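A quick write-up on the structure given underneath.
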Amino acid sequence: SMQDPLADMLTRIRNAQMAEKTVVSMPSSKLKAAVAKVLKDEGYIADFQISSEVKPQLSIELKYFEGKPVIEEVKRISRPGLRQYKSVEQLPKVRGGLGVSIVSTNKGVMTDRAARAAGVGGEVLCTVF
Amino acid sequence: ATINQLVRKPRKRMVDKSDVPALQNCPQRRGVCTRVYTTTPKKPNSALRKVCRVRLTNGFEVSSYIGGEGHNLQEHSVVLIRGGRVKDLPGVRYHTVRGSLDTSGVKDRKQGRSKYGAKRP
RNA sequence: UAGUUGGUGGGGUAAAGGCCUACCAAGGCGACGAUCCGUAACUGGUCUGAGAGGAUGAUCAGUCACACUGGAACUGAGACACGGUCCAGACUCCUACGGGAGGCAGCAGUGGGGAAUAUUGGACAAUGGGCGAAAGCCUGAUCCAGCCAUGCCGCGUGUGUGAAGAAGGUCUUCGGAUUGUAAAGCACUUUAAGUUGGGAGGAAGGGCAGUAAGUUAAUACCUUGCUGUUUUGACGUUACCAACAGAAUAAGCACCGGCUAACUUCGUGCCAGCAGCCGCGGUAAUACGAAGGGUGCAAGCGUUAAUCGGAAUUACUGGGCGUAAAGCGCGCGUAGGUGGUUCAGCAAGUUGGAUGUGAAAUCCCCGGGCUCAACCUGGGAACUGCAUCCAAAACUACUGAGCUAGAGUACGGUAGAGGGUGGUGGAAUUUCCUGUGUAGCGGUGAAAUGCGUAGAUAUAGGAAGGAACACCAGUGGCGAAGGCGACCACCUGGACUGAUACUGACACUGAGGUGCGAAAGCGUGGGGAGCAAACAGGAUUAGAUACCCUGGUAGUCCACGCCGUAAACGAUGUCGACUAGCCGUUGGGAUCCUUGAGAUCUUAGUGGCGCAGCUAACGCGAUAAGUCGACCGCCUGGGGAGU
RNA sequence: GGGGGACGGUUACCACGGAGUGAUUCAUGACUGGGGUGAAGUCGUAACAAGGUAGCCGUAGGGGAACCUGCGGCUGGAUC
């Protein structure tokens, strides 16, 4: 009985970049398949595939610019039981604008740089460096 | 502790109390004296400290301390006590202002005269 | 909690209502904390803080509540009325003894309390109120003075030159060093304070006269423009300006061992004394008392009292629980918290916007006035809020439909000290009976108490009775935990493993509440082999209640009921998901050449090492203390005290 | 004269005061139970090394006092 799916996608990513894996495969959803699209366009993974029929999977390939990986830390903000909501003024900035922060707004899941341009607040998900 | 416990029982900040329990929220206090002992300090010192016991206008019967180098304090004479915790003696929690009402300060003193109440030559 | 909670009928009040009454009905509130106890006027704001917050409600402003104590109404637009009325009480005073009088929580003032808080001022000129509008009259609210280093801000207490580096002081290796250009000496300067002269602004009006407009039937009156003339200031010796005197009129306070800026001599010798903590003082003290010197601040400096910081030391932002304090003894489960996956709807959360509001002051920003500043003041932002509308639809909620990965059922199949109720064994111990046999047995560092010819120990035969269950037996099993080992029947719970169909999220955790709880102990009844607290004797011993020795009762055993704690231990809450390896072992399927002392792989347990990683360290390391989620319990210095 | 009004009378409501029985809170009390401290003193030597009988936790019984013994549990147990 797992209570939160999206803090389990991020846990497998953080663990596989210490076993120095390349491909990671977890079950999918219509939210996890949209978060990995955002991490690809910002650029942290190689690609992703939704390839099955009745238990649809998510196969993510990871990057290594060095022996050190490209993602160095990631934490879940709106843990189920806290539900962090932010307007555009109080919306956070990670590392002076060098990390990414993923905010579920009225116009779809987009990063903090995009919704602040459109002026739409919403709900934070994570703070990836 | 999780958030859903602190909603049910919030964090209650613990409180202190005054190290000077008598003279309730006031800087000085007068009292008449009863006895002038001369007690001995604790172990690592060796001396003979001079201690008077005062009955205030609150009705409390607390011991006090007398500084300086020589006191004219015969019994049934009013004083004016103030706080101050002497580490050496046990049970002593109050000093005594010199030169205020009856204690009349010290004599032949030329360093720090506003303490102990001495004039200017 | 019984006008208590509703209903009905009637009253009552400016006005809805148990506001009140008569019957009807038996409701209402409460663990989201009612009721009761203890304290306290709330708010805009002030004080700290980077912020989140934390304390606190002096002066200024809004609201409430009282006017010696307890009642009560009248009058009236509006009081259940601070200088009104009636009553009762307490307390002062008057009296011809019959009776009366009074209420500073208005401004001053006295007494008292206390560490502690001001003059029995000046006026109506200003702004305002009340009455009359006809001027005027009242005003201890206002506007002004007096007192108090009670606070913030500003200015003085002279400036330059001057080394014989003077006396004088202190220290010294006796050479000097230092106080020090500091003085003295010389040349200038005069703000403030003192003295003299001058001198605004706060003044708008009112009176009187004249004139022009509109009122009218009558520019008679009156109202209004305007003109002319006359009169007004408590402050007040006003701010401000000019002149005169002359360097004259004017500096303390704490500290100097470390935190902590700044040091050496002289007294004193565990004395006196010092202290915010560390701690100094027993004869050389950079800590006590002095003297020079020096550092901090200044018209102030120090101590005490009291809040917030530092304190991530109640941790929302921002901590912890293997051994430092801290995981309930273990389950099941109500309220509550959280929710796998596809569509569709909806718009309660959420985001964006608009309007109404959030008193003025205060804080902040840009300006403007007082010679500057404090102070005064114009414009903006802000006041994080709450409410009403409009739109968006990702996520959560709600609603409608599905899907099978969680979870559960049906079917084969194994393994087990998992329970309960009876039954039956064999070895050994003891008591008893009987034969043979005859001097010690037993015990201990060594002995003694004890047991023995009244025939013991030994030895053989027999009987009775009680409890425990060698070997197998193992880091081995099972159980939620405590616990569970003879064999068989009898009922009876759950786990594993395989195949296959079905239900289609039916799940997780759990304050309160419900259960099962080693051993010792307690109650009534059984039963009495050994063992054995209490106890008795011997020995050891300065002494020995103790260890050691010989005895020995409750108890241990069974049935029924109780108690509820343990180092109740993995000193580690339950549940779910990912993360290098290697060697063992229980049970179960696989695949596999087949003879295997087979092989490899996969789940469910149970052990030994180990890389990343974490950790104060020790050490854990797919059975985490690693990386992350959901809910619960608990910790806040040591004693006092789990009292 | 009626009407109406006043004053008296009387009932309702109500303050003071008086009665009984309770709670709760301070103030104090002959004698008693512990605790903390101190520096002198007497009795012992329980614990820390296998502390000289391995310690501790629960429970019962006993004893000048630390403590001793019984039953069960524990390693936070050292020698091999």
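Chains: A, B, ... in order of the structure tokens. Residues: from 1 per chain. Ligands: from 1, in order shown.
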Chain D near chain B within 10 Å: what's each residue's closest atom pair and its distance in Å to one decimal, counting only C-alpha atoms (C1' of nucleotides), ordered by chain then ascending residue number, as CSV?
residue,atom,partner,partner_atom,distance
D:37,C1',B:90,CA,9.8
D:38,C1',B:42,CA,9.0
D:39,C1',B:43,CA,8.0
With C-alpha atoms (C1' of nucleotides) kept, could you save the residues just selected as a PDB file, in the first residue's frame?
ATOM      1  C1'   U D  37      23.223  19.944  52.867  1.00  0.00           C
ATOM      2  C1'   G D  38      27.499  20.319  56.232  1.00  0.00           C
ATOM      3  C1'   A D  39      33.714  19.508  57.373  1.00  0.00           C
TER       4        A D  39
END
What are the DSSP alpha helix (DSSP H) residues of chain B, as a list in words?
residues 3, 4, 5 and 6 of chain B
Could you pull the residues within 8 Å of residue 29 in chain B, counting only C-alpha atoms (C1' of nucleotides), minus those fewer than 3 positions along the same chain, as a list in words?
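Near residue 29 in chain B, the qualifying residues are residues 23, 26, 56, 57, 80, 81 and 82 of chain B; 115 of chain C.
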Polymer residues at most 12 Å from residue 45 in chain D, only C-alpha atoms (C1' of nucleotides), same-chain spacing of 2 or more positions, as a PyMOL selection string
chain D and resi 43+47+51-52+65-67
Hey, could you make a per-residue contact list for chain B against chain A with 10 Å as the cut-off, showing the nearest pair of atoms and its distance in Å to one decimal, counting only C-alpha atoms, sorted by chain and number, as CSV?
residue,atom,partner,partner_atom,distance
B:2,CA,A:81,CA,9.8
B:3,CA,A:82,CA,8.3
B:4,CA,A:81,CA,8.5
Report as a PyMOL selection string all protein, DNA and RNA residues lying within 10 Å of range 57-64 of chain D, evaluated on only C-alpha atoms (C1' of nucleotides), omitting residues in the same chain fewer than 5 positions from it.
(chain C and resi 519-521+533-534+545+565-568) or (chain D and resi 43+69-74)
Would you give me, as JSON lines, each residue of chain A having an atom within 6 Å of an atom of chain C, along with its shortest atom pair and that distance in Å to one decimal, using only C-alpha atoms (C1' of nucleotides) and sorting by chain and residue number?
{"residue": "A:1", "atom": "CA", "partner": "C:576", "partner_atom": "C1'", "distance": 5.2}
{"residue": "A:2", "atom": "CA", "partner": "C:576", "partner_atom": "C1'", "distance": 5.0}
{"residue": "A:3", "atom": "CA", "partner": "C:339", "partner_atom": "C1'", "distance": 5.9}
{"residue": "A:12", "atom": "CA", "partner": "C:578", "partner_atom": "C1'", "distance": 5.5}
{"residue": "A:104", "atom": "CA", "partner": "C:394", "partner_atom": "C1'", "distance": 5.5}
{"residue": "A:105", "atom": "CA", "partner": "C:394", "partner_atom": "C1'", "distance": 5.5}
{"residue": "A:106", "atom": "CA", "partner": "C:394", "partner_atom": "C1'", "distance": 5.5}
{"residue": "A:108", "atom": "CA", "partner": "C:394", "partner_atom": "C1'", "distance": 4.6}
{"residue": "A:120", "atom": "CA", "partner": "C:351", "partner_atom": "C1'", "distance": 5.9}
{"residue": "A:121", "atom": "CA", "partner": "C:351", "partner_atom": "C1'", "distance": 5.2}
{"residue": "A:122", "atom": "CA", "partner": "C:351", "partner_atom": "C1'", "distance": 5.8}
List every residue of chain A that DSSP, applied to the backbone of this structure, places in strand (DSSP E or B), and write the result as a PyMOL selection string.
chain A and resi 23-27+45-49+57-62+76+85-86+100-105+108-111+122-128
Only C-alpha atoms, please: the residues just picked out, written as a short mmCIF file (atom, residue, chain, number, x, y, z; two decimals), in the first residue's frame.
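Listed below is the output, out.cif:
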data_model
loop_
_atom_site.label_atom_id
_atom_site.label_comp_id
_atom_site.auth_asym_id
_atom_site.auth_seq_id
_atom_site.Cartn_x
_atom_site.Cartn_y
_atom_site.Cartn_z
CA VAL A 23 17.86 2.50 -17.65
CA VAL A 24 15.17 2.71 -14.95
CA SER A 25 11.69 1.20 -15.31
CA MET A 26 8.77 2.08 -13.03
CA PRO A 27 4.99 1.96 -13.51
CA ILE A 45 17.60 12.60 -18.74
CA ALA A 46 18.04 11.20 -22.23
CA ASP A 47 14.52 10.08 -23.21
CA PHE A 48 11.49 8.15 -21.98
CA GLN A 49 9.15 5.51 -23.39
CA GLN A 57 5.81 1.34 -18.08
CA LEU A 58 8.21 4.28 -18.09
CA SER A 59 11.77 3.59 -19.20
CA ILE A 60 14.09 6.49 -18.39
CA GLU A 61 17.70 6.78 -19.55
CA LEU A 62 20.00 8.84 -17.34
CA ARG A 76 9.36 16.45 -2.92
CA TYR A 85 0.18 26.08 -2.65
CA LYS A 86 1.91 29.25 -3.80
CA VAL A 100 14.28 24.03 -11.75
CA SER A 101 11.03 23.98 -9.82
CA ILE A 102 7.96 22.28 -11.22
CA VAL A 103 4.60 23.95 -10.64
CA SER A 104 1.22 22.50 -11.64
CA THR A 105 -0.70 25.52 -12.93
CA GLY A 108 -0.65 22.36 -17.43
CA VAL A 109 2.47 21.13 -15.68
CA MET A 110 5.20 23.63 -16.43
CA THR A 111 8.38 24.90 -14.84
CA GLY A 122 -0.23 27.00 -8.50
CA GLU A 123 1.11 24.02 -6.60
CA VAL A 124 4.78 23.19 -6.22
CA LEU A 125 5.98 19.64 -6.79
CA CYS A 126 9.78 19.42 -6.50
CA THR A 127 13.03 21.40 -6.39
CA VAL A 128 15.52 19.79 -8.75
#
Compile the contact shell of range 61-78 of chain B as a VMD selection string: residues with an atom at most 9 Å away, counting only C-alpha atoms (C1' of nucleotides), same-chain residues fewer than 2 positions apart removed.
(chain B and resid 22 30 to 36 49 to 56 58 to 59 80 to 81 86 91 to 98 101 to 107 116) or (chain C and resid 272 to 273)
What lies within 9 Å of residue 156 in chain C using only C-alpha atoms (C1' of nucleotides), ignoring chain neighbours under 4 positions off, as an MDAnalysis selection string?
chainID C and resid 191:192 250
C1' of residue 638 in chain C to CA of residue 10 in chain B, straight-line distance in Å:
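A separation of 27.6 Å between them.
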Residue hits in chain B, query chain C, radius 7 Å, only C-alpha atoms (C1' of nucleotides), as a PDB file with C-alpha atoms, in the first residue's frame:
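Ended up saving to selection_19.pdb:
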ATOM      1  CA  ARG B  11       3.995  23.171  21.514  1.00  0.00           C
ATOM      2  CA  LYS B  12       3.658  24.722  24.957  1.00  0.00           C
ATOM      3  CA  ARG B  13       6.616  26.892  25.881  1.00  0.00           C
ATOM      4  CA  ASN B  25       8.562  43.588  40.622  1.00  0.00           C
ATOM      5  CA  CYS B  26      10.380  46.480  42.301  1.00  0.00           C
ATOM      6  CA  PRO B  27      14.076  47.386  42.294  1.00  0.00           C
ATOM      7  CA  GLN B  28      14.569  48.354  45.947  1.00  0.00           C
ATOM      8  CA  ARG B  29      12.723  47.601  49.179  1.00  0.00           C
ATOM      9  CA  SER B  46      37.988  30.526  54.181  1.00  0.00           C
ATOM     10  CA  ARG B  82      18.236  45.168  46.705  1.00  0.00           C
ATOM     11  CA  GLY B  83      18.815  42.028  44.710  1.00  0.00           C
TER      12      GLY B  83
END
Gap from CA of residue 90 in chain A to CA of residue 114 in chain A - Å, one decimal:
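Taking CA of residue 90 in chain A and CA of residue 114 in chain A, their separation equals 15.5 Å.
You will find CA of residue 119 in chain B at 10.0 Å from CA of residue 99 in chain B.
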